[PDB]
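Participant: One structure, as structure tokens, below. Some questions next.
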Amino acid sequence: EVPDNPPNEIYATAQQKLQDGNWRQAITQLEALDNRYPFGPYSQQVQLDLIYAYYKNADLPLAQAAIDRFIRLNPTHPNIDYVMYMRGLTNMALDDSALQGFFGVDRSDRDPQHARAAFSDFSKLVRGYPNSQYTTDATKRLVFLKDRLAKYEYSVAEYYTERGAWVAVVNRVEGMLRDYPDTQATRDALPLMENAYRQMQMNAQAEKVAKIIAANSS
Amino acid sequence: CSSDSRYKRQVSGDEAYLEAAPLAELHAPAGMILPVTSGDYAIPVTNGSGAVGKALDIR
Amino acid sequence: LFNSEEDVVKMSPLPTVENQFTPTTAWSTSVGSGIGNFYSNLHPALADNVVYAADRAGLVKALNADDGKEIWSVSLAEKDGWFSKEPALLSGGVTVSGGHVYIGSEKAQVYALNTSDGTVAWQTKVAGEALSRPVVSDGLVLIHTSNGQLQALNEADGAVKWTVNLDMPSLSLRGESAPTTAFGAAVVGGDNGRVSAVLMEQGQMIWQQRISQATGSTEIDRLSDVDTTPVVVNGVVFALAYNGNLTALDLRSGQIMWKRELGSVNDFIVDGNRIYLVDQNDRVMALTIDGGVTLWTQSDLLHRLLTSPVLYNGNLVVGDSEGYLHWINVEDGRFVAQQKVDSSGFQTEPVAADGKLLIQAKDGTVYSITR
Amino acid sequence: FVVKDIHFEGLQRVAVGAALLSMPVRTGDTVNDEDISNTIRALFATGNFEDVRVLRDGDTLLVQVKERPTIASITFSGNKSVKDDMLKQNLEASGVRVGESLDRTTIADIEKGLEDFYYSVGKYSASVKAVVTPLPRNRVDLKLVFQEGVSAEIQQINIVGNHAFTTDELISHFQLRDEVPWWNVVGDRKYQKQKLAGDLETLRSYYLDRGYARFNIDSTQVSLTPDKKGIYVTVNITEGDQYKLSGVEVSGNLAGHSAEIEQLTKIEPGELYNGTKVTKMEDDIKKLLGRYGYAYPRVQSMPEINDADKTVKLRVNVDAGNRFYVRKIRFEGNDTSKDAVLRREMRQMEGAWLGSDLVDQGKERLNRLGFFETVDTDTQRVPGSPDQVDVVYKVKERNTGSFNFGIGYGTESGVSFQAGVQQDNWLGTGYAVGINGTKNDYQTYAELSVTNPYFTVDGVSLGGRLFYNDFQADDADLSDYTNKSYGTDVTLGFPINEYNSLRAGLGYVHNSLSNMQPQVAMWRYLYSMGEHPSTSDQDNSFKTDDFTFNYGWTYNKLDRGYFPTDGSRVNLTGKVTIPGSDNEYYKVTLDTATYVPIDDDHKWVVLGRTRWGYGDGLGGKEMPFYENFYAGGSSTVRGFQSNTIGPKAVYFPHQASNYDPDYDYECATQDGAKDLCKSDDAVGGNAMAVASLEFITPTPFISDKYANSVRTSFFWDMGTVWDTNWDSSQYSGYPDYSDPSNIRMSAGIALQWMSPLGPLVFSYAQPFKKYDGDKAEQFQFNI
Amino acid sequence: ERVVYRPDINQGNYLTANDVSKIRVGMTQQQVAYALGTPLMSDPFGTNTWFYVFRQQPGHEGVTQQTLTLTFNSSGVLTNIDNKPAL
């Protein structure tokens, strides 16, 4: 780290390596300010810069620790709307970050444990700060984060359909129908619960879906 | 390490977020309607403005 | 590995080996492998030129206190235990009262051996082995056992008179109290830092005085079975607490005459008004009886597991678990004779009776000592 | 006395106004001399102010405060294997850390709890010294010195109240042993009371399943021995007067499975009591009711131990749950893998009842996976109906893929190198991706092996394998052994059982050869090929297109797919040629691998790794001699070198290879030895019988963050490779290899270490039975 | 298909014929739910039909199934015990 200096001597050197993007040297600086002044004049905005430095340096629990620090430090702040965005933004990075993106592989057949967390914080942003500069951003994420659950819930509804566990087809597909009407994974799962019924001899109950198939054909 | 690695950053993907879910909403007949927002799905469509994604700036 | 493993604490073993008085052994009369590493209050008795000596391996003798000649010999390596032919393994000391040799064994068994030949006068399994040496008196084989029980048997068959826990050791908290009979009352210390008077007749608590700290929440000595044995100088009970804390106090109530509640003391004798001690670091000091006021001190022997300080040939004789013998000035503090008779070390009680000094090392066993 | 100014001296973490709000009097609030003394205690009540001197200049408060905060570091000196964060946990328990209020008085209670830490360890031959090192503006370093001599060791156990069973055999039975003879080592031992707490319970079960059912351990007295190590134990027990298991009175909600219960309560009414099997047999019901769906099979046994006839009677109170508990199931830890590939590896189904044995078998398929770290779950009984359990399968996945490389100092003999890369779990799809080969002057090789394991969800293992060896043996590349080897095999795994799996594939062996070596079994096979090439020259070329049929079958009852400990997997590998092949033959091969845990903790496991093979012709037409068997190197036999075990090829009076490098790479040629010679590498036998005996061993110096990534396994290798048609009339100054007696032998240990791209295994092996041409390098390092 | 062996399929949550005797048309869903619990499939948009269906496949010889759906009214009073056998 950097020893006990003036707070801005640590900070302006930290402010360089954020502008330089040298987060591993910025985190070498930014903690060294809060090593000596965690109450200091920058230490409130160090944490925001730390969530800026850590998450850019893939220190994602450390960013989220710096969030929960700043949650415990400043339960309100002019940059909690930053932080409540930054919670879900790290949580989106917490969810799906594999190298298979350049090879063209879906990662919403993969566990959205942290997109679920990102669904919370982005919605806690657009509720708790419904007009911030991050609110307009995180609102559209949430609809796609709904779709990220949708393709994930389609991935298992795919699985049970080819499994032919038509009870488990129904309960998964009804879960999609509890969750969202809007994605195409709604209307593509729509005949599959209808498929489950004819396979479970609930043809008349499949006709009730066939009405919805008729009504939500368009 | 001690070398030119030529990558250090960590961002959250693209704006497929801003390429958000399509519209295939409930038009089901009578006796066929059921709740479709159950879950964490509480998204107030709040376009209180400000930049987005890579244009959105964070520190 | 073994060149580098240890971070142990020092000793000051032995400056001023003196031979002003010439020290020696009277002879050597080794009984085999007695105490060994298995520490015990087992020690022989010396009277009538009869070294009633035994080793824990089984061989129970009467040796002579003229040459170590077998006055008798039997064996307690017998069919006792879960297996036939298993050793003596004695907890209690070699108590002769009348024509019986009463010895508490570590097998929670108490014997009587006929002192003329060592043949079994009686045998009795007891409740817990003897933490202290068998005090066999009033027909009552009064023993503070390792479970803190004031137990009395009969001294003619071993018929148990009672068994009463006085101060319960919490794990096996080593408060060594010999059950002392004084004024018709059973006067026993404590395993957890107490001291008591109980009725000698059947075990009825006259009082028990809570004295000082025990193992837990103020963590104290484990490096000694602390001599909480009450020395009832008639009105005044002299004992340690289980942390070593010295207290002089009433026999009938436990009300304090004076106390040295700072103690760490291992062994203690009241040599008139010059109370001689063995501290936890085995620093030596000579204390009064109206306080524990120092008459002299000695730090020469230090961190050596000494014996009880005894006076033989006019000097303060102290053995050790180094097998060395030391004749301290009963005056101000320093060595008058110093002997090595042994290296296998003394966990015994020095018996300066029958003209000799009777000690027995752990495996370098019984050495008749004179100067 | 209303204050005009409060003087806030020496605070350094608590702010000047944060000092002010902690004061009972504020600047402008009326200051009492009691409230001066209240300002003494309230700034003392912060716990950050070691000294507080509230004064006033008549009324102008002058509050001289000295302050406890930041401990800027905590240093641990003398910090032997009882490590320092748990020693810092002693500080963390006392609210002490780096960046902390330092009450400089609190040194002793630290060193109490530091030595109480050893006391809970069982050490007391230790001295702890918390030393304060002051740092700027008040600050402090906690340099901590530990004089840790040695902890307590098991010395003796005595049991009173025990008269039947000997203590010393029970000492050896439970963790009470301390005896390592000078002629006998059974390991080494040490004390901890938590062992003995368990050793009581082993003893509790001991007289239990003898039948002693008034058995109770009264108390236990480990002596506080004047050495601070002496564990001399006095145990008080009640033996317990052996009682006989003499009746079952099972009752309660038997759920209509009372007979199925009754077989589980089929006992001998009058045999000596075994509460341990009684404890077991209750679980047998719970699996059985768990097999029936009842995941709440509440079973309450009750021993009516009848001491009037010295017996036991056994009331059992049963309460099943309900059947259709498995509403659905959840899966956690599939953030990189395809979940449905994992979800199809289960037998317990959503929307039905429970089979208790379906989940762990489904977990066993996930345990036989390999690319996992954990196969766990969470049996979340959803609150609500008696049909609501959503089993939340938490798992953890592992690193996949592997690289390998030999040696050869490239871009010096031309830009030339060795290749081979594996992925095996292609982007979490489970696609078995492993591709090998090499680009060299002497030969050119590429080989792919790709499997869609679930082309259909039956486990349809769409395993396509291709290869292409442009072998030339470039000394002239058309004087030594040239070979355009290439061909295909797609192979598929077929369900036999849920642990048994058949395999079958197709053979296309398109090899094109030239300039072949003057040796017997090369020509001797070619004479069975109907060819009669020259022996004294390497003038001969050869195309084959061998058309075989491959097959196989898999046994799978062995624990981990990557690091198992108990069981075995048997995998038949064979081939036969078809009508249309360029040579009529076969070759069948079989290797065995069982896991026999020496330890019941399974830290020591026998690994019997054997290798068997026999290949021959289909009459007249023969097995090709490159399909001979081999060993040595690093294959499974080490110390020896690769393919140095087997029959050795016998050279010929021969001049022209069409080129020999001038007295280099000799083949009994024009550059010398124009006579029947014998080469030193093995040409190998038509039979294989070699084995290796591997022994898992734990390590005491490696932290288990990666000691579980390390498999120290000792071997003693042995075996022969020999040709059951190797003659003595044709090999007369040359060894015969038609009897299994050329049995090479080696021993050593493997050094497994998991990299981020899989295990890196190494060895040093010493060969002991050596024969002709057993080339050796005793050190073996693999990737 | 040419193979006969199959890794045979499962998934009941049905009602036995004993369960038909446990309830009757007219009982509440709760009156079923005391005796039978709820099924792992119920009516999500219509009147309460408690779908208890068995499934199982024998190897290359059909599929065995026992369907039993319990159409209650909106009040919960049972209105139909609709049991279906295989096919």
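Chains as they are written, first to last, in the working numbering: chain A, 1 to 218; chain B, 1001 to 1059; chain C, 2001 to 2371; chain D, 3001 to 3783; chain E, 4001 to 4087.
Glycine residues also receive a C-beta, built at the ideal position from the N, C-alpha and C atoms.
Excluding five sequence neighbours on each side, which residues of the same chain lie with their C-beta closer than 6 angstroms to the C-beta of residue 63 of chain A?
Facilitator: Closer than 6 angstroms at Cβ, skipping near neighbours: 51, 54, 55, 90.
Participant: Using the rule of at least 16 other Cβ atoms within 10 Å of the residue's Cβ for burial, across every protein chain shown, is residue 1047 of chain B buried or exposed?
Facilitator: When all chains shown are included, residue 1047 of chain B counts as exposed.
Participant: Interface residues of chain D around residue 2039 of chain C at Cβ under 9 angstroms?
Facilitator: Those are 3223, 3225, 3226, 3227, 3230, 3232, listed as they occur along chain D.
Participant: Listing by chain order, which chain E residues have their CB less than 7 angstroms from the CB of residue 1034 of chain B?
Facilitator: Those within 7 angstroms of residue 1034 of chain B in chain E are 4044, 4045.
Participant: Alpha carbon to alpha carbon, how far is residue 2243 of chain C from residue 2220 of chain C? Give it in angstroms, no decimals.
Facilitator: Distance between the alpha carbons of residue 2220 of chain C and residue 2243 of chain C is about 6 angstroms.
Participant: What are the boundary residues of the beta strand (DSSP E) that includes residue 2125 of chain C?
Facilitator: Its beta strand (DSSP E) spans residues 2119-2125.
Participant: Given a cut-off of 7 angstroms on the beta-carbon distance, is the pair residue 2224 of chain C and residue 3226 of chain D in contact?
Facilitator: Contact: yes.
Participant: Considering only residues of the same chain and omitting the five flanking positions on each side of residue 2053 of chain C, which have a CB-CB separation below 6 angstroms?
Facilitator: Only 2031, 2044, 2061, 2063, 2366 meet the Cβ criterion.
Participant: Do residue 3345 of chain D and residue 3365 of chain D have their CB atoms nearer than 7 angstroms?
Facilitator: Taking 7 angstroms as the Cβ cut-off, residue 3345 of chain D and residue 3365 of chain D qualify as a contacting pair.
Participant: Would you grab the beta carbon distance between residue 3505 of chain D and residue 3490 of chain D for me? Rounded to a whole angstrom, and I think it's under 8 angstroms.
Facilitator: Rounded, the Cβ-Cβ distance is 6 angstroms, consistent with contact.
Participant: So is residue 151 of chain A buried or exposed if we call it buried at 16+ other beta carbons inside 10 Å?
Facilitator: The residue in question, residue 151 of chain A, is buried, as its Cβ has 16 or more Cβ neighbours within 10 Å.
Participant: Using the beta-carbon count (16 or more within 10 Å), is residue 4075 of chain E buried or exposed?
Facilitator: Burial call: exposed.
Participant: Measuring alpha carbon to alpha carbon, tell me which residue in D:3678, D:3783, D:3712, D:3713 is nearest residue 3733 of chain D.
Facilitator: For the residues D:3678, D:3783, D:3712, D:3713, the minimum Cα distance to residue 3733 of chain D belongs to D:3678.
Participant: I'd like to know if residue 158 of chain A contacts chain F, where contact means its C-beta is closer than 7 angstroms to some C-beta of that chain.
Facilitator: No chain F appears in the structure shown, which is made up of the protein chains A, B, C, D and E.
Participant: Assess contact between the stretch 2134-2142 of chain C and the stretch 2150-2157 of chain C, defined as three or more Cβ pairs (one per stretch) separated by less than 8 angstroms. Is contact present?
Facilitator: Counting Cβ pairs under 8 angstroms, three or more are found: they touch.
Participant: Can you confirm whether residue 4027 of chain E, when its beta carbon is compared against all beta carbons of chain A, has any partner nearer than 7 angstroms?
Facilitator: For residue 4027 of chain E, the answer is no, since every Cβ of chain A falls outside 7 angstroms of its Cβ.
Participant: Just how far apart, CA to CA, sit residue 2248 of chain C and residue 2330 of chain C?
Facilitator: Spanning the two alpha carbons is a distance of roughly 22 angstroms.
Participant: Nearest CA to the CA of residue 3320 of chain D: which residue from D:3333, D:3339, D:3282, D:3337?
Facilitator: Checked all of D:3333, D:3339, D:3282, D:3337; the closest Cα to residue 3320 of chain D is D:3282.
Participant: Under three-state DSSP, which class holds residue 3218 of chain D?
Facilitator: Strand, per DSSP.
Participant: What number of angstroms, rounded off, separates the C-alpha of residue 3168 of chain D from the C-alpha of residue 2123 of chain C?
Facilitator: Each residue's Cα considered, the two are about 24 angstroms apart.
Participant: With a CB to CB cut of under 7 angstroms and the five nearest residues on each side skipped, what residues in its chain are close to residue 128 of chain A?
Facilitator: The answer, listed in chain order, is 84.
Participant: Who are residue 3014 of chain D's beta bridge partners in DSSP?
Facilitator: Residue 3014 of chain D is not bridged to any residue.
Participant: DSSP three-state label for residue 3192 of chain D, please.
Facilitator: Looking at residue 3192 of chain D - three-state DSSP - the assignment turns out to be coil, as it is neither helix nor strand.
Participant: Whole beta strand (DSSP E) runs in the stretch 3668-3753 of chain D with 3 or more residues, listed along the chain?
Facilitator: If we require 3 residues or more, the beta strand (DSSP E) runs fully inside the stretch 3668-3753 of chain D come out as 3678-3682, 3687-3697, 3712-3722.
Participant: From residue 1 of chain A to residue 3102 of chain D, what does the alpha carbon distance come to, in whole angstroms?
Facilitator: The straight-line gap from Cα to Cα measures roughly 23 angstroms.
Participant: How many angstroms separate the CA atom of residue 3666 of chain D from the CA atom of residue 3660 of chain D?
Facilitator: Going by the C-alpha atoms only, they are around 7 angstroms apart.
Participant: Going by beta carbon distance, what residues of the same chain come within less than 8 angstroms of residue 3674 of chain D, once the five residues before and after it are set aside?
Facilitator: The residues are 3653, 3654, 3655, 3668.
Participant: If you count every other CB in all the chains shown that lies within 10 Å of the CB of residue 66 of chain A, and 16 or more means buried, which is it?
Facilitator: Buried.
Participant: Does chain C have any CB closer than 7 angstroms to the CB of residue 3149 of chain D?
Facilitator: Chain C, which has a Cβ nearer than 7 angstroms to the Cβ of residue 3149 of chain D, makes this yes.
Participant: Can you give the beta carbon distance from residue 2118 of chain C to residue 2074 of chain C, rounded, assuming they're within the 8 angstroms contact cut?
Facilitator: About 4 angstroms; that satisfies the 8 angstroms criterion.
Participant: List the residues of chain E whose Cβ lies closer than 7 angstroms to the Cβ of residue 200 of chain A, in chain order.
Facilitator: Per Cβ cutoff of 7 angstroms: 4053, 4067.
Participant: Could you list which residues in chain E have their beta carbon closer than 8 angstroms to that of residue 1031 of chain B, in chain order?
Facilitator: Chain E residues near residue 1031 of chain B: 4045, 4046.
Participant: Let me confirm a value: residue 2202 of chain C is counted as buried when at least 16 other C-beta atoms fall within 10 Å, else exposed. Which label applies?
Facilitator: Result: exposed.
Participant: Just checking my contact of residue 3158 of chain D with residue 2106 of chain C at CB under 8 angstroms: how many whole Å lie between their CB atoms?
Facilitator: At roughly 6 angstroms, the Cβ-Cβ gap stays under 8 angstroms, so residue 3158 of chain D and residue 2106 of chain C are in contact.
Participant: Opposite residue 3298 of chain D in the DSSP bridges: which residues?
Facilitator: Answer is D:3319.
Participant: With a threshold of 7 angstroms between beta carbons, is residue 162 of chain A in contact with chain E?
Facilitator: Residue 162 of chain A does not count as touching chain E.
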